[PDB]
14 protein chains.
Amino acid sequence: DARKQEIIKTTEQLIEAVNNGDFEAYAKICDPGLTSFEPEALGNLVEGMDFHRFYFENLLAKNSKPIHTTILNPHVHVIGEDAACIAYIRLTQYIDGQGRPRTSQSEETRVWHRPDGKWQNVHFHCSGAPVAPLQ
Amino acid sequence: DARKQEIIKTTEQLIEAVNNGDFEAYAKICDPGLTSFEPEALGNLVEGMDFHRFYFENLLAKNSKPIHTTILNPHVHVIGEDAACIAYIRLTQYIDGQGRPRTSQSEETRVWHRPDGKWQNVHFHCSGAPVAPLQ
Amino acid sequence: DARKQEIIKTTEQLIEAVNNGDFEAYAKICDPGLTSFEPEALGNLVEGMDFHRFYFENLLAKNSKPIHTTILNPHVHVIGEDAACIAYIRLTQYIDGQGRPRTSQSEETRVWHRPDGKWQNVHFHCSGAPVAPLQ
Amino acid sequence: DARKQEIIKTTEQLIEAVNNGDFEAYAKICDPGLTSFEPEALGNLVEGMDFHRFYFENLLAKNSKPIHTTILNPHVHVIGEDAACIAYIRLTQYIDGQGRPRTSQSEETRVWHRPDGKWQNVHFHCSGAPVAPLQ
Amino acid sequence: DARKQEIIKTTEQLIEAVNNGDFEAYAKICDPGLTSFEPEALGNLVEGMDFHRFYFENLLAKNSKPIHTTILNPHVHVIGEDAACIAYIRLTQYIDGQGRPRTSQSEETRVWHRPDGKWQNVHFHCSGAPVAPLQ
Amino acid sequence: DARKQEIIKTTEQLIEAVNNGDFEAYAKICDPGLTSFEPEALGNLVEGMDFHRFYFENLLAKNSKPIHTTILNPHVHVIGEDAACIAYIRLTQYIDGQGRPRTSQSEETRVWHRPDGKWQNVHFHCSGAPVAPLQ
Amino acid sequence: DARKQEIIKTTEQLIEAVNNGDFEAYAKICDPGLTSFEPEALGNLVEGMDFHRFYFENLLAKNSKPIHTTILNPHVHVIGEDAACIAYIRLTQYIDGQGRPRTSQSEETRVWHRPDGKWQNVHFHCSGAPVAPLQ
Amino acid sequence: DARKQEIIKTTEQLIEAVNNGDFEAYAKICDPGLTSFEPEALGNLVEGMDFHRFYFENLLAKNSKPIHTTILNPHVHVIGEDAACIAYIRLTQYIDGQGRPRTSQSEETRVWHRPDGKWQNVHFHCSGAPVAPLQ
Amino acid sequence: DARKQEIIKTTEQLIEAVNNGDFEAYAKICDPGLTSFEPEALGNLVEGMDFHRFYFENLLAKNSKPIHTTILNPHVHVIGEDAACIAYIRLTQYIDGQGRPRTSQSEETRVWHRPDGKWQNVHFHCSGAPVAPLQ
Amino acid sequence: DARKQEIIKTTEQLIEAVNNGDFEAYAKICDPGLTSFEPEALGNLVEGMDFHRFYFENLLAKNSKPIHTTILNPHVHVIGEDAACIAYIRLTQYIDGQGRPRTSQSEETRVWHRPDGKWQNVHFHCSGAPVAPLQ
Amino acid sequence: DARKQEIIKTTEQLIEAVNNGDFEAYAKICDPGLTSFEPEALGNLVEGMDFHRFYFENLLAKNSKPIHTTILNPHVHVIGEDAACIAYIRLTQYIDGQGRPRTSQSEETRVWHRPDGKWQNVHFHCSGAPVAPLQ
Amino acid sequence: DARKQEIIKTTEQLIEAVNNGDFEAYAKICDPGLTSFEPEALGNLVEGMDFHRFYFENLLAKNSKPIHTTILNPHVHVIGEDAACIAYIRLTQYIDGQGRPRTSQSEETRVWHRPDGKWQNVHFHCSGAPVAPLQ
Amino acid sequence: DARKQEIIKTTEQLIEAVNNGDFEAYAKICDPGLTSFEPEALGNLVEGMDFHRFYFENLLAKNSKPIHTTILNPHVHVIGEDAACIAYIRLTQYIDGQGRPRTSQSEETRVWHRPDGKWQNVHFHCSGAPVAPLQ
Amino acid sequence: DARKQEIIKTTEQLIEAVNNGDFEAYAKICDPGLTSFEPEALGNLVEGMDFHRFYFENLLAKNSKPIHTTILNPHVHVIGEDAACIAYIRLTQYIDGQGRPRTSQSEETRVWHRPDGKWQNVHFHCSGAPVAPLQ
């Protein structure tokens, strides 16, 4: 019961740092050796922070229109005291370049480790919609 | 060094059970609560074994043509003594319905847990090519 | 006779609160645990009010052009004293971005429950046209 | 707890009578005044059994290939002692006219009433895939 | 009440004579000066029986596969003792040239007159699907 | 001879009230229970005046360009002293958004009843061109 | 009255000689200097019988499937005692190469002269469908 | 010889009244019961002057750019003292909306009668290009 | 009068030698220095007989189906006693590979010279349809 | 030798009068009974000067951009003392509506007669490019 | 005069060795260091005989259907006593895979040198049609 | 060795005169009887200077943007003391109408003769890209 | 001079082992750590022999039709006594599935090292055509 | 270990000189005889610096928007003391002409030689994306 709810809590804090363009908070949540699969990387496994830094600097820190995000049907696996995995469906509501409301879907997996009494993200996999909305 | 190589060993034993259509060996490797994201499930999170059983019975146990599989650039995260995560690129070589050799690519993540001294799979995510080849 | 007409009355009061962008009246008509199937949710079952709040804030409270709505062939099922179901065809007449009159169709089911002597909506299903008109 | 599980039980017994082409069992589960929205009815509300009887006689009682069905994320509303509503996502796995395995999705709502101590279906709404698979 | 039901009765007897290819029964129901608008006449008003006789002789008397017909939402206007008008939606279920079940829709108006104590059809208008199904 | 000419007279007075956008004259010609089939209603039977009121308010009372209308080959059925039916082809000549003259065709049926010594319209069916011209 | 009916009589006798492939009867009805506009002549004015003789020899005398023809709304101009003109719409019902019934339309003008007490055709113009049906 | 040349003379005077937009001269040349087949009438036979009056008022009396017309290969049939028929190919040269010279073709039949010592047109048939040029 | 008719006579004798595949008669009609423009020569001026000999040997001497040819509106220029030019429209009626009758058009110019008291062809130009029909 | 060069001389003087828009010089070179085949006449044989006068007045006398013309491979037939024929390929270089240089090709035949000691053109045939360039 | 005709003679002997598939005669005509530009070499300069040997062995020595070749407008440059260049247009007539006669065009340049008293080919360039006909 | 390098030297001096629009230098390099095959001449052999003069006057003397040219793999044949042939691949780098750098390819053959102690060009053949770049 | 020719010799021996399907000779030429870029590997760097073994077993050892290969413009870099690099264009001539001769192009780089007195291949890069021909 | 890291160091210094448009630093890193395969050269092997100089002058020295580059999975072969080869995947992140972030991929091989104690590049091969981004 209580152990699964803190993995939901850290996952929601991560997603809001990305919404705000808050790269300084986002960098505290990630392990420096973090790896990623996502639609922007063209089928390659990316490692470290500098691929994501470009989207913070050239996009996410600049934009300011309303967005709403929903997490659907989260499933949590707990792998002892120091490791967890979460999988969920993500729906995004956003405003397009004509001012009309639109919707998109992605499927996401996140893997969490507990060094030094702090939860940090070690691997991420994303399917479906790109992170940049087609406004 | 030695701990990462046994996660490669169990991952290669899993992939060959699927190639052989060996559902009885495959069922020993999986946790009964296993969850999955894959191209056949249309963006839904599937749970348990019975969605996969259909592909064993109606396809993988029947087919017999030559296939070759390559694992490229595997990255392993070790999360204490009892948990691990592996991510890799998979290339498949197969023969089409005209008899011509063809190639396809997928991106895969697998999450492993160590109950009772035996490694078992708890979550899987797949991107790119479907598991049924377009022969 | 008289019991079916008050289910038509609450259904017509609901549709007009949406036409007016009156989120404060709409929130009194809905159970807090309300679930929905609709074309905007991409085949997912949505729960609660916050998915709909976005369309009130970014669209329905802002727009002001003439719209007319017709309810065709309503069928009512009465399931004791405290529960009812209504199903109907909905035609919408609206003005497009060039100023021309246009028409669209949807099929709708609504499920009603009577806690505390007040009728409240518990589930909704929609087919056909989206709620945002293609002006 | 226990009351929601018998609404899942009757819903699973209904779906299997349709899979088997068992019109005599299906006719005991339905109220004679049953209404329906579905993709085959071209946006019209159908009433009674004779629209469905045609698919039993000309299709479902004749076919015999393997099919598998999954119910995802069922949500149940209980509306006193004698009424209930269930909503879920349905995945179908089937074999096509070339012998290849395929998958399709629908969204379904079912409304249940308890006359004479027996649960019977009074209204049904379906979205997404047709009931006849595109083999 | 009772007067509207005999206009439904004659309308259902007319439609079944066409289903059976029974030109001798159909010719007793029609006034010899009958006029028609229908999709086969290319936007022209047809008069008399000989345009319809061709579809009896070359098609409707020859075919023998299962068909089912539904009349939806019939509205009846009664214009004294000797005249009536009926309007309705018609759904047809039929088997195609591959043996698959299919559905089509038309909108129909029929005008009835009561010479010599017998109801006879004087004008007909049809919209939507052709009378020959696209098998 | 003389009885058919007054059904042509009322039909021509109806069409000119629509050309002028004169909803107050049009409302005197129609029975309050009037039903309609037309291309704007998407295959549904409409009842009463309020579906048509929208086209008077948002279009027909606003527009002012030249239009010419021709009634071709009218056929009249007389069904005693108090009822009649008329069927005809309608050609419309109008000016488009570039200022060029254009032509369109429809097929129309109108049913007339004589309550209180005044002819009133009880049912209407239209095929072919929409009532809003594609300027 | 009676003079217009014999121009309808000769026009119906002409059309049936073409249906039968009876070139010997057709040649008695035509003036030897007859001229023609028709879709087969590619926008050229043809003169005499030998252009039409080819369709008798290579087609109309060989074919034997059922055809039905309707003359709609014939208008007759009478130009003294010895000359007349007739204009009408022609509908053809025929069976295609798959055995299905089909319909086509043409517009026709015929000019008649009365040498030697016998009516003969001097000019013909045709629009719309070709004389060879697209079976 | 001389009788055919006055039918060419009246035909050339008719075509120039249309070029000039001179409806008052055109109305003296036509019989009040004149009938027409032409591309603008959508396959219908038109009667009288008011269909043509619209093209005089909204187009032919307004336009003023250069046009040239050629009559090719005129064939004349003379049907006693009081009736004639003429058939010909018509080529039109005109300037488009970009200022470029363009060409179009039609095929025309005209039927002439001699009441009261004045030649008047009783029927007209046109094929090929519309009378409104595609500038 | 009489001089133009012998240029029509030699032109008709030439066209029939080509229809028959009679290269020995065709070679007597042509000057050995004959030049040609035609659709088969891809925009090049051909000289002599050997380009045409290939169509006699590989096509025109082998084929045997019915063909009919019409010469329309021939214009003849006479350039003294020993030279003439003829220009005309040619219509061909032929049977296609399915057995259906078809029509095609060409425009032709022929230049004639009178050495040794015999008319011979010195130049030819063709536009429109190819000489090989698209059967 | 010398006789062929004066037919080249008159042909080059004709082409330059058309380039200059010099209708008064062009009219001295042509016989009043001149006939023509060309791409602008839609497959019809034109006679006289007035079809060409329109292109002088509305185009060739107005335009002023650079054009260059080449005559390739001219072949001359000499038919006594008073008649000649010339055939050649014509290449035109011109500037388009964007200012870019472009090229087009035509095939041309010209027939010359020598009345009154002056060479005049009696017939012309053109294939390939139109005379109006697609600028 | 006489020197240009022997360059035409060797060029015609070369083309016939290729038509016959006579690689042994063709190899005597070519310098061993011969270079080529042609459509089969994909924009590359080829050197020597072995690229051409493949078309002799796998095609030109096997085929046996009728072909005819024309050389148009040959231009010869003579560069002293021992060197020449020839340029010409080539038309090929051939029979396709359905048995129909077809035509194609190429542009060709050939460079000739006179070692040891024998003319031999040193360079070749080809444009337009491929050497393998599209049968 | 040294003799091949002066044929490269004259070829590079020719290409730069064209780049500069220097028609006066270009005219000294060419024989007055020069012939050409190139993409602008539509498959015709051109002779002399005036076809090329148009591209100097209307284009090459006007333009001024940066261009770079590369000669790849030049092959030289030497045909005594007074004649040579050169063949090469040409790559052009240029700036388009949006300011972006682009690349194109051609294949070129040039034939050189040595009258009066000066090398002059006698024939040219070009394949691939046009000389006017698609900016 | 002599050192570059033995790198051409080993490169030609490698290409012929692949043509013959001689995997046992091919395996002696390659370093066991060999890496590859090629069109079949979908943009991935492959390592070792087993990716290539599949094309030997399922294709190259089975096929037997004629193929010819040309190496164009080879450039060799020599990097001391024990290392070399070669780059070239490769043209392949082959017979398709209809028996027609076809051509394809690739660009290739090969890197050679001299361990133990034997030249072995350490890296390969390929662009353009796939190694499996599109027969 | 240490020897492979200085080949990564020189490769990263090369890529940054190109990013900066620093042709003077780039020219010190390259051997004057450098050869290249790349997408801009249309399948040709380029030699020397002047093909690349054009992209420095007309593009890379002018542009100034943000770009980020990643080197993935570099593999290094060491071929004695004085020669090395490196192969890698390159990902580029850039801003398009609308200001949106975009990604592209290439595959690259570089060959390094150590004359005079300084590493210099001797050959380069590139596949996938062009070096000019499609902004």
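Chain A is the first sequence line, chain B the second, and so forth, proteins listed ahead of strands; every chain is numbered from 1. Side-chain atoms are counted along with the backbone in the values below, which use heavy atoms only and exclude waters and symmetry mates.
Within 6.0 Å of CD1 on D:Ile8 lie more than 12 heavy atoms contributed by other residues, nucleotides or ligands. Within 6.0 Å of the NZ atom in E:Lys65, the count of heavy atoms belonging to other residues, nucleotides or ligands exceeds 12.
In this model, a donor atom of one side chain and an acceptor atom of the other lie less than 3.5 Å apart for E:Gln105 and D:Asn44.
The candidate from E:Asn73, E:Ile89, E:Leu91 with the greatest count of non-hydrogen atom pairs under 4.5 Å with chain D is E:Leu91.
The side-chain heavy atoms of D:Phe54 and E:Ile95, taken from C-beta on, include a pair separated by under 4.5 Å.
Taking CD of D:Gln135 as the reference point, atom CZ of E:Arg100 lies at 7.5 Å (rounded to 0.5 Å). D:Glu38 CD to E:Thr103 OG1: the interatomic distance, rounded to the nearest 0.5 Å, is 9.0 Å.
Within the 4.5 angstrom heavy-atom criterion, atoms from both the backbone and the side chain of D:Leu42 approach chain E. Looking at E:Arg102, there are no atoms closer than 4.5 Å to chain D (heavy atoms on both sides), in backbone or side chain.
Here the closest heavy-atom approach between residue E:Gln93 and residue D:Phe51 is recorded as NE2-O, 3.4 Å.
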